[PDB]
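File shown: entry.csv (CSV, C-alpha atoms).
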chain,number,residue,atom,x,y,z
A,1,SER,CA,-91.2,14.1,45.7
A,2,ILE,CA,-91.6,16.0,42.4
A,3,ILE,CA,-91.8,19.8,42.4
A,4,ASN,CA,-95.0,21.7,41.6
A,5,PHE,CA,-94.3,23.1,38.1
A,6,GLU,CA,-94.9,26.6,37.0
A,7,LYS,CA,-96.5,27.2,33.6
A,8,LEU,CA,-94.1,28.1,30.8
A,9,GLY,CA,-96.4,31.0,29.8
A,10,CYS,CA,-94.8,31.5,26.3
A,11,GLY,CA,-97.7,33.6,25.0
A,12,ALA,CA,-101.4,34.4,25.5
A,13,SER,CA,-103.8,31.9,23.9
A,24,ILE,CA,-87.8,18.0,14.0
A,25,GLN,CA,-88.0,14.2,14.1
A,26,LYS,CA,-85.3,11.6,14.9
A,27,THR,CA,-85.0,8.2,13.2
A,28,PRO,CA,-85.2,5.2,15.5
A,29,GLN,CA,-82.3,2.8,16.0
A,30,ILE,CA,-83.2,-0.9,16.3
A,31,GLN,CA,-81.5,-3.9,17.8
A,32,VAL,CA,-83.0,-7.4,17.6
A,33,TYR,CA,-81.4,-10.0,19.9
A,34,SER,CA,-82.2,-12.8,22.3
A,35,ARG,CA,-82.1,-12.5,26.0
A,36,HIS,CA,-80.0,-15.7,26.3
A,37,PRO,CA,-77.6,-17.5,23.9
A,38,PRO,CA,-80.0,-19.1,21.3
A,39,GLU,CA,-80.0,-22.9,21.3
A,40,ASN,CA,-82.5,-24.6,19.1
A,41,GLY,CA,-85.4,-26.3,21.0
A,42,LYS,CA,-84.8,-24.3,24.2
A,43,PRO,CA,-87.4,-21.5,25.0
A,44,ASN,CA,-85.9,-18.0,25.0
A,45,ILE,CA,-86.9,-14.3,24.8
A,46,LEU,CA,-86.5,-12.3,21.7
A,47,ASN,CA,-85.9,-8.6,22.2
A,48,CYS,CA,-86.5,-5.6,19.9
A,49,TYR,CA,-84.8,-2.5,21.3
A,50,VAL,CA,-85.8,0.8,19.7
A,51,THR,CA,-83.9,4.0,20.7
A,52,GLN,CA,-83.2,7.5,19.7
A,53,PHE,CA,-86.6,8.3,18.1
A,54,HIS,CA,-88.9,11.3,18.3
A,55,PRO,CA,-91.9,11.9,18.2
A,56,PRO,CA,-92.7,9.2,20.9
A,57,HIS,CA,-95.5,7.7,18.8
A,58,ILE,CA,-94.2,4.5,17.3
A,59,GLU,CA,-95.5,1.1,16.0
A,60,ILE,CA,-93.5,-2.0,16.6
A,61,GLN,CA,-94.3,-5.5,15.3
A,62,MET,CA,-92.2,-8.6,15.7
A,63,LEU,CA,-92.4,-11.1,12.8
A,64,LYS,CA,-91.8,-14.9,12.5
A,65,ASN,CA,-91.1,-16.0,8.9
A,66,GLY,CA,-92.8,-12.8,7.7
A,67,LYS,CA,-95.9,-13.2,9.9
A,68,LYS,CA,-96.8,-10.9,12.8
A,69,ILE,CA,-96.3,-12.4,16.2
A,70,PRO,CA,-99.5,-11.7,18.2
A,71,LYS,CA,-98.4,-11.7,21.8
A,72,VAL,CA,-95.6,-9.1,22.0
A,73,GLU,CA,-95.1,-7.3,25.3
A,74,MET,CA,-93.9,-3.7,25.4
A,75,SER,CA,-92.0,-2.0,28.1
A,76,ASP,CA,-93.0,1.5,29.3
A,77,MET,CA,-91.6,4.2,27.2
A,78,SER,CA,-88.7,6.3,28.6
A,79,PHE,CA,-86.5,9.1,27.2
A,80,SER,CA,-82.8,9.9,27.5
A,81,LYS,CA,-80.9,13.0,28.5
A,82,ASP,CA,-80.8,14.0,24.8
A,83,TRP,CA,-84.7,14.0,24.9
A,84,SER,CA,-85.0,11.0,22.5
A,85,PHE,CA,-87.3,8.2,23.5
A,86,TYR,CA,-86.6,4.4,23.8
A,87,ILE,CA,-88.7,1.3,24.4
A,88,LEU,CA,-88.1,-2.5,24.6
A,89,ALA,CA,-90.4,-4.9,22.9
A,90,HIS,CA,-90.0,-8.6,23.6
A,91,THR,CA,-91.8,-12.0,23.0
A,92,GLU,CA,-91.4,-15.6,24.0
A,93,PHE,CA,-89.9,-17.8,21.3
A,94,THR,CA,-88.2,-21.1,20.9
A,95,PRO,CA,-85.6,-20.7,18.1
A,96,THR,CA,-85.1,-23.3,15.4
A,97,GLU,CA,-82.4,-23.7,12.8
A,98,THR,CA,-84.4,-22.3,9.9
A,99,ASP,CA,-87.1,-20.0,11.5
A,100,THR,CA,-86.6,-16.4,10.6
A,101,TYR,CA,-87.4,-13.6,13.1
A,102,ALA,CA,-87.5,-9.8,12.5
A,103,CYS,CA,-88.7,-6.6,14.1
A,104,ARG,CA,-90.6,-4.0,12.0
A,105,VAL,CA,-90.9,-0.4,13.1
A,106,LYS,CA,-93.2,2.3,11.8
A,107,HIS,CA,-92.2,5.8,12.7
A,108,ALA,CA,-93.1,9.3,11.2
A,109,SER,CA,-89.4,10.0,10.6
A,110,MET,CA,-89.3,7.2,8.0
A,111,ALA,CA,-91.3,7.1,4.7
A,112,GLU,CA,-91.5,3.3,5.0
A,113,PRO,CA,-91.5,0.8,7.8
A,114,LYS,CA,-88.0,-0.4,8.7
A,115,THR,CA,-87.6,-4.2,9.1
A,116,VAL,CA,-84.5,-5.4,11.0
A,117,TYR,CA,-83.8,-9.2,11.0
A,118,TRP,CA,-82.5,-11.2,13.9
A,119,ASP,CA,-78.9,-12.0,13.2
A,120,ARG,CA,-78.0,-14.9,15.5
A,121,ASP,CA,-74.3,-14.3,15.4
A,122,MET,CA,-73.2,-16.8,18.1
A,143,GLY,CA,-70.5,8.0,46.0
A,144,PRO,CA,-73.0,10.6,44.8
A,145,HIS,CA,-76.6,9.9,44.3
A,146,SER,CA,-79.4,11.5,42.3
A,147,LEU,CA,-83.2,11.9,42.5
A,148,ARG,CA,-84.6,12.8,39.1
A,149,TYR,CA,-88.1,13.1,37.7
A,150,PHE,CA,-88.7,12.6,33.9
A,151,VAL,CA,-91.9,14.3,32.8
A,152,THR,CA,-93.7,13.9,29.4
A,153,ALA,CA,-96.8,15.6,28.1
A,154,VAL,CA,-97.9,14.5,24.6
A,155,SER,CA,-101.0,16.1,23.0
A,156,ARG,CA,-103.3,13.9,20.9
A,157,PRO,CA,-105.7,16.1,19.0
A,158,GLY,CA,-108.9,14.3,18.1
A,159,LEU,CA,-107.8,11.2,20.0
A,160,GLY,CA,-108.3,12.3,23.6
A,161,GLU,CA,-106.7,14.4,26.3
A,162,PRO,CA,-102.9,14.8,26.3
A,163,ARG,CA,-101.0,11.8,27.8
A,164,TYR,CA,-99.1,13.0,30.9
A,165,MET,CA,-96.4,10.9,32.7
A,166,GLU,CA,-94.2,11.5,35.7
A,167,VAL,CA,-91.4,9.0,36.3
A,168,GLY,CA,-89.1,9.2,39.3
A,169,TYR,CA,-85.6,7.7,39.4
A,170,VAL,CA,-83.2,7.1,42.3
A,171,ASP,CA,-79.9,6.5,40.6
A,172,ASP,CA,-81.3,5.4,37.2
A,173,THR,CA,-83.6,3.0,39.1
A,174,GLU,CA,-87.3,3.8,38.5
A,175,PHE,CA,-89.1,3.8,41.8
A,176,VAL,CA,-92.4,5.8,41.2
A,177,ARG,CA,-94.6,6.5,38.2
A,178,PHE,CA,-97.7,8.5,37.5
A,179,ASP,CA,-99.6,7.7,34.2
A,180,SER,CA,-102.6,9.8,33.2
A,181,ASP,CA,-103.7,7.1,30.8
A,182,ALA,CA,-106.1,5.5,33.3
A,183,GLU,CA,-109.6,6.0,34.6
A,184,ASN,CA,-108.3,6.8,38.2
A,185,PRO,CA,-104.6,7.6,37.7
A,186,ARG,CA,-102.5,7.6,40.8
A,187,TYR,CA,-98.8,7.5,41.7
A,188,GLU,CA,-97.6,3.9,42.0
A,189,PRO,CA,-94.6,2.2,43.5
A,190,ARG,CA,-92.2,0.8,40.9
A,191,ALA,CA,-89.9,-0.8,43.5
A,192,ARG,CA,-90.8,-3.0,46.4
A,193,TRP,CA,-89.0,-0.7,48.9
A,194,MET,CA,-91.4,2.2,48.1
A,195,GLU,CA,-94.4,0.3,49.6
A,196,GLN,CA,-93.3,1.4,53.1
A,197,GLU,CA,-94.7,4.9,52.4
A,198,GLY,CA,-98.1,5.3,53.8
A,199,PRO,CA,-101.3,6.5,52.2
A,200,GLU,CA,-100.7,10.2,53.0
A,201,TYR,CA,-97.6,10.1,50.7
A,202,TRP,CA,-99.3,8.6,47.7
A,203,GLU,CA,-102.3,10.8,48.1
A,204,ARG,CA,-100.2,14.0,48.2
A,205,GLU,CA,-98.1,12.9,45.2
A,206,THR,CA,-101.1,11.9,43.2
A,207,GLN,CA,-102.9,15.3,43.6
A,208,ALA,CA,-99.6,17.0,42.9
A,209,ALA,CA,-99.2,15.1,39.6
A,210,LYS,CA,-102.8,15.9,38.6
A,211,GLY,CA,-102.1,19.6,39.3
A,212,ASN,CA,-98.9,19.4,37.2
A,213,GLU,CA,-100.9,17.7,34.4
A,214,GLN,CA,-103.1,20.7,34.1
A,215,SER,CA,-100.2,23.1,33.8
A,216,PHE,CA,-98.7,21.1,30.9
A,217,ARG,CA,-102.1,20.9,29.2
A,218,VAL,CA,-102.3,24.7,29.2
A,219,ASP,CA,-98.6,24.9,28.1
A,220,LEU,CA,-99.3,22.6,25.1
A,221,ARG,CA,-102.1,24.9,24.1
A,222,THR,CA,-100.2,28.1,24.2
A,223,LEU,CA,-97.0,26.7,22.7
A,224,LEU,CA,-98.8,26.1,19.5
A,225,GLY,CA,-99.2,29.8,18.8
A,226,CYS,CA,-95.8,30.7,20.1
A,227,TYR,CA,-94.3,28.4,17.5
A,228,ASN,CA,-96.9,29.2,14.8
A,229,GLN,CA,-98.0,25.6,14.5
A,230,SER,CA,-101.2,24.0,13.2
A,231,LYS,CA,-103.9,23.1,15.7
A,232,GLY,CA,-104.2,19.4,14.7
A,233,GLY,CA,-100.7,17.9,15.3
A,234,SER,CA,-99.2,16.1,18.2
A,235,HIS,CA,-96.6,17.9,20.3
A,236,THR,CA,-94.5,17.0,23.3
A,237,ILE,CA,-93.2,18.7,26.4
A,238,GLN,CA,-90.4,17.0,28.3
A,239,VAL,CA,-88.9,17.9,31.7
A,240,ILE,CA,-85.9,16.6,33.7
A,241,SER,CA,-86.1,17.8,37.3
A,242,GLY,CA,-84.1,16.8,40.3
A,243,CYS,CA,-80.8,16.9,42.3
A,244,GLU,CA,-77.5,15.1,42.5
A,245,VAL,CA,-76.1,14.9,46.0
A,246,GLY,CA,-72.6,14.0,47.2
A,247,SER,CA,-71.7,11.7,50.0
A,248,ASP,CA,-71.5,14.7,52.4
A,249,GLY,CA,-75.2,15.6,51.7
A,250,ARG,CA,-74.4,18.7,49.7
A,251,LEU,CA,-76.0,19.4,46.3
A,252,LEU,CA,-73.7,18.6,43.5
A,253,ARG,CA,-75.9,19.5,40.6
A,254,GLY,CA,-79.5,20.7,40.3
A,255,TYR,CA,-81.6,20.0,37.2
A,256,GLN,CA,-84.7,21.9,35.8
A,257,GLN,CA,-84.5,21.4,32.0
A,258,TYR,CA,-87.4,21.7,29.5
A,259,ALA,CA,-87.8,20.6,25.9
A,260,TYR,CA,-90.6,21.2,23.3
A,261,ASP,CA,-90.9,18.7,20.4
A,262,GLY,CA,-87.6,17.2,21.4
A,263,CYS,CA,-85.6,20.4,21.3
A,264,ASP,CA,-84.1,22.4,24.2
A,265,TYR,CA,-86.5,25.0,25.4
A,266,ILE,CA,-85.2,26.5,28.7
A,267,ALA,CA,-82.9,25.2,31.4
A,268,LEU,CA,-81.8,26.3,34.9
A,269,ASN,CA,-78.1,27.0,34.9
A,270,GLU,CA,-75.6,25.4,37.3
A,271,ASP,CA,-75.5,28.6,39.4
A,272,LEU,CA,-79.1,27.9,40.2
A,273,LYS,CA,-79.7,31.6,39.6
A,274,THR,CA,-80.1,32.2,35.8
A,275,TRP,CA,-81.8,30.5,32.9
A,276,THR,CA,-80.5,29.4,29.4
A,277,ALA,CA,-83.3,30.0,26.9
A,278,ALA,CA,-82.7,28.0,23.8
A,279,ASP,CA,-84.8,30.0,21.3
A,280,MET,CA,-86.9,33.2,21.1
A,281,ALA,CA,-90.2,31.6,22.4
A,282,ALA,CA,-88.3,30.6,25.6
A,283,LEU,CA,-87.1,34.2,26.0
A,284,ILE,CA,-90.6,35.1,27.0
A,285,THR,CA,-90.7,32.4,29.6
A,286,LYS,CA,-87.2,33.4,30.8
A,287,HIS,CA,-88.3,37.0,31.5
A,288,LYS,CA,-91.5,36.0,33.2
A,289,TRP,CA,-89.7,33.5,35.4
A,290,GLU,CA,-87.1,36.2,36.4
A,291,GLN,CA,-89.9,38.6,37.3
A,292,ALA,CA,-91.6,35.9,39.4
A,293,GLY,CA,-88.3,34.7,41.0
A,294,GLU,CA,-88.7,31.2,39.8
A,295,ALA,CA,-85.0,30.4,40.1
A,296,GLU,CA,-85.2,31.1,43.9
A,297,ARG,CA,-88.2,28.7,44.3
A,298,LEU,CA,-86.3,26.0,42.4
A,299,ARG,CA,-83.1,26.5,44.4
A,300,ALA,CA,-85.1,26.1,47.6
A,301,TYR,CA,-86.6,22.9,46.3
A,302,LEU,CA,-83.4,21.5,44.9
A,303,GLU,CA,-81.2,22.3,48.0
A,304,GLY,CA,-83.9,21.4,50.4
A,305,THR,CA,-86.9,19.2,49.5
A,306,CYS,CA,-85.1,17.2,46.8
A,307,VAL,CA,-82.1,16.5,49.0
A,308,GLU,CA,-84.3,15.5,52.0
A,309,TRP,CA,-86.5,13.2,50.0
A,310,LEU,CA,-83.5,11.5,48.2
A,311,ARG,CA,-82.1,10.7,51.6
A,312,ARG,CA,-85.4,9.1,52.6
A,313,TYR,CA,-85.6,7.1,49.4
A,314,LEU,CA,-82.0,5.9,49.8
A,315,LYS,CA,-82.7,4.8,53.3
A,316,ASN,CA,-85.8,2.7,52.4
A,317,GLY,CA,-84.1,1.1,49.4
A,318,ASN,CA,-80.8,0.5,51.1
A,319,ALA,CA,-81.1,-3.3,50.4
A,320,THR,CA,-81.0,-3.3,46.6
A,321,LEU,CA,-80.2,0.2,45.4
A,322,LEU,CA,-76.4,-0.1,45.8
A,323,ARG,CA,-76.1,-3.5,44.3
A,324,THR,CA,-73.9,-4.0,41.2
A,325,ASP,CA,-73.6,-7.1,39.0
A,326,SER,CA,-70.2,-7.6,37.3
A,327,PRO,CA,-70.2,-8.7,33.6
A,328,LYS,CA,-69.5,-12.3,32.6
A,329,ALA,CA,-67.5,-12.2,29.3
A,330,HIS,CA,-66.4,-14.5,26.5
A,331,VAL,CA,-65.3,-14.4,22.9
A,332,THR,CA,-67.0,-15.9,19.9
A,333,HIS,CA,-65.4,-16.7,16.5
A,334,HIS,CA,-66.9,-16.0,13.1
A,335,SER,CA,-65.7,-16.7,9.6
A,336,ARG,CA,-65.3,-13.9,7.1
A,337,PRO,CA,-64.5,-13.7,3.3
A,338,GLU,CA,-61.1,-15.1,2.4
A,339,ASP,CA,-58.4,-15.1,5.1
A,340,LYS,CA,-60.2,-13.0,7.8
A,341,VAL,CA,-62.2,-13.9,10.9
A,342,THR,CA,-64.3,-11.9,13.3
A,343,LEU,CA,-63.6,-12.1,17.1
A,344,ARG,CA,-66.6,-10.8,19.1
A,345,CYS,CA,-66.1,-10.0,22.8
A,346,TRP,CA,-69.3,-10.3,24.8
A,347,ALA,CA,-70.2,-8.8,28.2
A,348,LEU,CA,-73.3,-10.2,29.7
A,349,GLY,CA,-75.5,-9.8,32.8
A,350,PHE,CA,-74.0,-6.6,34.2
A,351,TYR,CA,-75.5,-3.6,36.0
A,352,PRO,CA,-75.3,-0.7,35.8
A,353,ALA,CA,-75.1,-0.2,32.0
A,354,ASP,CA,-71.9,1.8,32.0
A,355,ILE,CA,-69.1,-0.4,30.6
A,356,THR,CA,-66.1,-0.2,28.2
A,357,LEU,CA,-65.0,-2.9,25.8
A,358,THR,CA,-61.6,-2.7,24.0
A,359,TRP,CA,-59.6,-5.0,21.8
A,360,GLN,CA,-55.8,-4.9,22.0
A,361,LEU,CA,-53.0,-6.1,19.7
A,362,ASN,CA,-49.5,-6.0,21.2
A,363,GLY,CA,-50.7,-3.9,24.1
A,364,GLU,CA,-52.2,-1.1,22.0
A,365,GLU,CA,-55.9,-0.5,21.7
A,366,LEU,CA,-57.6,-1.0,18.3
A,367,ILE,CA,-60.2,1.7,18.9
A,368,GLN,CA,-59.9,2.7,15.3
A,369,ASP,CA,-61.2,-0.6,13.8
A,370,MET,CA,-63.6,-2.1,16.3
A,371,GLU,CA,-67.3,-2.5,15.7
A,372,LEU,CA,-69.5,-2.0,18.8
A,373,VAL,CA,-73.2,-2.2,19.5
A,374,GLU,CA,-74.9,0.2,21.9
A,375,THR,CA,-75.4,-1.2,25.4
A,376,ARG,CA,-78.8,-2.9,25.5
A,377,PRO,CA,-81.1,-4.3,28.2
A,378,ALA,CA,-81.4,-8.1,28.5
A,379,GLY,CA,-85.0,-7.6,29.8
A,380,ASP,CA,-84.3,-8.9,33.3
A,381,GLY,CA,-82.6,-5.7,34.7
A,382,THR,CA,-79.1,-6.4,33.4
A,383,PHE,CA,-77.4,-5.3,30.2
A,384,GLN,CA,-75.5,-6.6,27.2
A,385,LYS,CA,-72.8,-5.3,24.9
A,386,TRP,CA,-70.2,-6.7,22.5
A,387,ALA,CA,-67.2,-5.4,20.5
A,388,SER,CA,-65.7,-7.1,17.5
A,389,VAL,CA,-62.5,-6.9,15.4
A,390,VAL,CA,-61.6,-8.4,12.1
A,391,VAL,CA,-58.3,-10.3,12.4
A,392,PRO,CA,-56.2,-12.5,10.0
A,393,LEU,CA,-57.0,-16.2,10.0
A,394,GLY,CA,-54.6,-18.0,12.4
A,395,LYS,CA,-53.7,-14.8,14.3
A,396,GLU,CA,-56.6,-15.0,16.7
A,397,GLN,CA,-54.3,-15.7,19.7
A,398,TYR,CA,-52.6,-12.3,19.2
A,399,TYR,CA,-55.6,-10.3,20.2
A,400,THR,CA,-57.0,-9.6,23.7
A,401,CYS,CA,-60.3,-8.2,24.8
A,402,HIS,CA,-60.6,-6.0,27.9
A,403,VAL,CA,-63.8,-5.4,29.9
A,404,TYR,CA,-64.0,-2.4,32.2
A,405,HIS,CA,-66.9,-2.2,34.7
A,406,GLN,CA,-67.3,-0.7,38.1
A,407,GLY,CA,-68.5,-4.1,39.5
A,408,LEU,CA,-65.2,-5.7,38.7
A,409,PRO,CA,-62.3,-5.7,41.2
A,410,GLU,CA,-60.0,-5.6,38.1
A,411,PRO,CA,-60.6,-5.3,34.3
A,412,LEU,CA,-61.3,-8.6,32.6
A,413,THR,CA,-58.7,-9.9,30.1
A,414,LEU,CA,-59.5,-12.8,27.8
A,415,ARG,CA,-58.9,-14.3,24.4
A,416,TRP,CA,-60.5,-16.7,21.9
A,417,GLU,CA,-60.5,-20.2,23.2
A,418,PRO,CA,-61.2,-22.8,20.4

Can I see the file as structure tokens?
Amino acid sequence: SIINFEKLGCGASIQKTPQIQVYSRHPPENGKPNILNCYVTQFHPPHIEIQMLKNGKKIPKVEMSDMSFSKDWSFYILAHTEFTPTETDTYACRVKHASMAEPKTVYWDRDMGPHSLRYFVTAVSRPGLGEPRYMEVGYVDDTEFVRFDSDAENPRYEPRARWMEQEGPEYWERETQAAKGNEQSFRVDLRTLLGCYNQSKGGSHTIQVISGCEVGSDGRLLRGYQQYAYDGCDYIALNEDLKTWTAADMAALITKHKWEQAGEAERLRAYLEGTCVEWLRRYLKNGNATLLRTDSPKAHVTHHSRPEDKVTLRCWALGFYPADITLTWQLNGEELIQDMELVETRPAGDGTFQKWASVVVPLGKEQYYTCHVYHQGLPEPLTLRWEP
């Protein structure tokens, strides 16, 4: 259950470039249907335009995931489309974002315990295009389980996991009206923050919030979160003492003083230690079947030619959950962290994740190198080599 937010009350009346990965969900074999992913991360503002292309031509039926954002406030989204790869068909993803003067085209390179209840909130103004888009997304241990999206004719809180359907109508009614009340507070905050930052009246701006609690196995609050951002930058955040605020700039110093006078830190501490903890216990009970599940990675090495007497060994880790994982290459028992190439961990699109790490080695010396896969789902780290 999300908290009822208090207005920032700042006063009376920088963009990040996207990172792109294009990859198939499964190993691409010609003639076999597959899924082509376009993973776009680390961008701000949230507005973005993603097209997937086949031999230069736009692919019509491209499905897009809901947009989320990370702890560093940057947004990410997954686009994907059905495709049957052939030997000569070229695929690419093209991204248009305000941080770039031209659209970026990336071509598909077919190269062979404690718990937490957190709410991620986004409010994005759209001057001349309608009302601000407001979103509340709840997570139990990185697993999205509820969502409120204002972009509907009758917006309501919706279960995003099957185990949330047990909650009765009184729950969804109360959460829905709480979200609509929260939406109004952020609409007002978007209005006043314009003047507090001396900004024009016709541009799109964003407020982001991360609110919730991390609770240990003993039921005690490990960490409480109440962190705000405006236009992707730190605005104000509750400190770990749950008593004082860290205001990131001058405009937030007005909010800090007002919240001190109103005793907002005490209201948040009561929610975090009480309501948040009690609801997390309820959500953990109802989702006990699938929330604790982990899928260990399946791993293998691929072999790629290089100019002259070098080859590339690429160590794959596939189908694992959660996303936290470590891949290392070793020569003679020492880790070659200094000369590996990695890709950021990426979703397969079916709930599991992918990652690979590569190293350039001399031709004929492939059997001298070992890849190591560390994941919490493994009873022991994986160790493997290139098998011809």

**Asked** Do you have the atom CA of residue A:345-atom CA of residue A:94 distance handy?
**Response**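 Separating atom CA of residue A:345 from atom CA of residue A:94 is a distance of 24.8 Å.
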
**Request:** Select, from A:256, A:180, A:324, A:269, the residue with the minimum atom-to-atom distance to residue A:383, counting all atoms listed in the file.
**Result:**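 Closest candidate: A:324.
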
**Item:** All residues 9 Å or closer to residue A:302, all atoms listed in the file, same chain fewer than 5 positions away omitted, as a list in words
**Value:**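 Listed by chain and then number, they are residues 3, 241, 242, 243, 251, 253, 254, 255, 297 and 307 of chain A.
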
I need the chosen residues saved as a PDB file, keeping the file's coordinate frame, with C-alpha atoms.
ATOM      1  CA  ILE A   3     -91.800  19.800  42.400  1.00  0.00           C
ATOM      2  CA  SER A 241     -86.100  17.800  37.300  1.00  0.00           C
ATOM      3  CA  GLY A 242     -84.100  16.800  40.300  1.00  0.00           C
ATOM      4  CA  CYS A 243     -80.800  16.900  42.300  1.00  0.00           C
ATOM      5  CA  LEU A 251     -76.000  19.400  46.300  1.00  0.00           C
ATOM      6  CA  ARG A 253     -75.900  19.500  40.600  1.00  0.00           C
ATOM      7  CA  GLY A 254     -79.500  20.700  40.300  1.00  0.00           C
ATOM      8  CA  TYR A 255     -81.600  20.000  37.200  1.00  0.00           C
ATOM      9  CA  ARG A 297     -88.200  28.700  44.300  1.00  0.00           C
ATOM     10  CA  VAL A 307     -82.100  16.500  49.000  1.00  0.00           C
TER      11      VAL A 307
END

**Request:** Find the residue from A:351, A:49, A:260, A:101 that sits nearest to residue A:89; use only C-alpha atoms when measuring.
**Result:** A:49

**Interatomic distance (Å, one decimal) between atom CA of residue A:300 and atom CA of residue A:11** =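 That distance, rounded to one decimal, is 26.9 Å.
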
**Prompt:** Quick one: residues within 7 Å of residue A:157, all atoms listed in the file counted, chain neighbours fewer than 5 positions away excluded, as number ranges by chain?
**Reply:** A: 232-234

**Complete:** From atom CA of residue A:323 to atom CA of residue A:171 the spacing works out at 11.3 Å

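Nearest residue to residue A:378 among A:277, A:284, A:45, A:226 is A:45, counting all atoms listed in the file.
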
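In terms of minimum interatomic distance to residue A:110, A:53 ranks closest within A:93, A:53, A:149, A:86, counting all atoms listed in the file.
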
**Message:** Could you check the closest approach to residue A:9 for each of A:257, A:222, A:326, A:80 and tell me which residue wins, using all atoms listed in the file?
**Reply:** A:222

**Message:** Using only C-alpha atoms, which protein or nucleic acid residues come within 6 Å of stretch 313-317 of chain A? Drop anything in the same chain fewer than 3 positions from it, and give the result as a PyMOL selection string.
**Reply:** chain A and resi 193+310+321

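With distances restricted to all atoms listed in the file, A:63 is the closest residue to residue A:102 from A:63, A:122, A:24, A:224.
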
Answer as a compact mmCIF listing (two decimals) with C-alpha atoms, in the coordinates of the input, residues within 8 Å of (-85.1, 26.3, 21.8) using only C-alpha atoms:
# COMPACT_ATOMS: atom_id res chain seq x y z
CA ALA A 259 -87.80 20.60 25.90
CA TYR A 260 -90.60 21.20 23.30
CA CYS A 263 -85.60 20.40 21.30
CA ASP A 264 -84.10 22.40 24.20
CA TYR A 265 -86.50 25.00 25.40
CA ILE A 266 -85.20 26.50 28.70
CA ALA A 277 -83.30 30.00 26.90
CA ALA A 278 -82.70 28.00 23.80
CA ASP A 279 -84.80 30.00 21.30
CA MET A 280 -86.90 33.20 21.10
CA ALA A 281 -90.20 31.60 22.40
CA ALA A 282 -88.30 30.60 25.60

Output stretch 28-41 of chain A with N, CA and C atoms present, as a PDB file, in the frame of the given file.
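So the final result, stored in part_11.pdb, reads:
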ATOM      1  N   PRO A  28     -85.496   6.183  14.474  1.00  0.00           N
ATOM      2  CA  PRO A  28     -85.200   5.200  15.500  1.00  0.00           C
ATOM      3  C   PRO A  28     -84.040   4.274  15.109  1.00  0.00           C
ATOM      4  N   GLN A  29     -83.322   3.825  16.136  1.00  0.00           N
ATOM      5  CA  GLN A  29     -82.300   2.800  16.000  1.00  0.00           C
ATOM      6  C   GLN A  29     -82.821   1.508  16.610  1.00  0.00           C
ATOM      7  N   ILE A  30     -82.540   0.388  15.947  1.00  0.00           N
ATOM      8  CA  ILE A  30     -83.200  -0.900  16.300  1.00  0.00           C
ATOM      9  C   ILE A  30     -82.110  -1.949  16.480  1.00  0.00           C
ATOM     10  N   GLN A  31     -82.274  -2.739  17.540  1.00  0.00           N
ATOM     11  CA  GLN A  31     -81.500  -3.900  17.800  1.00  0.00           C
ATOM     12  C   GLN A  31     -82.427  -5.099  18.041  1.00  0.00           C
ATOM     13  N   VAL A  32     -82.183  -6.227  17.380  1.00  0.00           N
ATOM     14  CA  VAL A  32     -83.000  -7.400  17.600  1.00  0.00           C
ATOM     15  C   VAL A  32     -82.002  -8.522  18.077  1.00  0.00           C
ATOM     16  N   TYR A  33     -82.319  -9.109  19.227  1.00  0.00           N
ATOM     17  CA  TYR A  33     -81.400 -10.000  19.900  1.00  0.00           C
ATOM     18  C   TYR A  33     -82.166 -10.811  20.943  1.00  0.00           C
ATOM     19  N   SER A  34     -81.651 -11.996  21.248  1.00  0.00           N
ATOM     20  CA  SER A  34     -82.200 -12.800  22.300  1.00  0.00           C
ATOM     21  C   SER A  34     -81.698 -12.483  23.642  1.00  0.00           C
ATOM     22  N   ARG A  35     -82.502 -12.756  24.673  1.00  0.00           N
ATOM     23  CA  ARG A  35     -82.100 -12.500  26.000  1.00  0.00           C
ATOM     24  C   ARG A  35     -80.920 -13.443  26.426  1.00  0.00           C
ATOM     25  N   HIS A  36     -80.999 -14.697  26.002  1.00  0.00           N
ATOM     26  CA  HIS A  36     -80.000 -15.700  26.300  1.00  0.00           C
ATOM     27  C   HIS A  36     -79.389 -16.231  25.006  1.00  0.00           C
ATOM     28  N   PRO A  37     -78.224 -16.872  25.082  1.00  0.00           N
ATOM     29  CA  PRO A  37     -77.600 -17.500  23.900  1.00  0.00           C
ATOM     30  C   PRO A  37     -78.639 -18.458  23.248  1.00  0.00           C
ATOM     31  N   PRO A  38     -78.920 -18.279  21.956  1.00  0.00           N
ATOM     32  CA  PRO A  38     -80.000 -19.100  21.300  1.00  0.00           C
ATOM     33  C   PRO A  38     -79.503 -20.479  20.996  1.00  0.00           C
ATOM     34  N   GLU A  39     -80.180 -21.460  21.587  1.00  0.00           N
ATOM     35  CA  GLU A  39     -80.000 -22.900  21.300  1.00  0.00           C
ATOM     36  C   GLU A  39     -81.330 -23.429  20.793  1.00  0.00           C
ATOM     37  N   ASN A  40     -81.308 -24.168  19.688  1.00  0.00           N
ATOM     38  CA  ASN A  40     -82.500 -24.600  19.100  1.00  0.00           C
ATOM     39  C   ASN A  40     -83.265 -25.624  19.962  1.00  0.00           C
ATOM     40  N   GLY A  41     -84.572 -25.420  20.130  1.00  0.00           N
ATOM     41  CA  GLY A  41     -85.400 -26.300  21.000  1.00  0.00           C
ATOM     42  C   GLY A  41     -85.546 -25.779  22.401  1.00  0.00           C
TER      43      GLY A  41
END
